[PDB]
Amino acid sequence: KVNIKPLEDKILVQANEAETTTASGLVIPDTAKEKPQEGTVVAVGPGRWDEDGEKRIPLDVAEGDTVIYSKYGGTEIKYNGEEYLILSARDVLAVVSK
């Protein structure tokens, strides 16, 4: 069991997505980069430094947060047949809560 620690304002997200199944039985993956997804925040970076080496701008997401994000610019990472993505917090569109 490894432990990934995102840098700057990048976060690690666990893809809660599932490929769509065609009626004929074919399964087409979601190569869709523009297609936004819903996942869970697993790790967050410290935050980006401001103009001067003063303070880190806290992120607006935390571990456990369910979020909607864009895959574009993201980096896929698999671990124990698990899908993960490393993306900038600016790609996160919104947080979904119950």
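Throughout, we count residues from 1 along the sequence that is shown.
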Stretch exceeding the other in mean C-alpha B-factor - 60-68, 27-35
27-35
Chain-relative C-alpha B factor for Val13 (record values, thirds): the lowest
What third of its chain, lowest, middle or highest, does the C-alpha temperature factor of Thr75 fall into?
middle
Binned into thirds over the chain's modelled residues, the C-alpha B-factor of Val95 lands in the middle
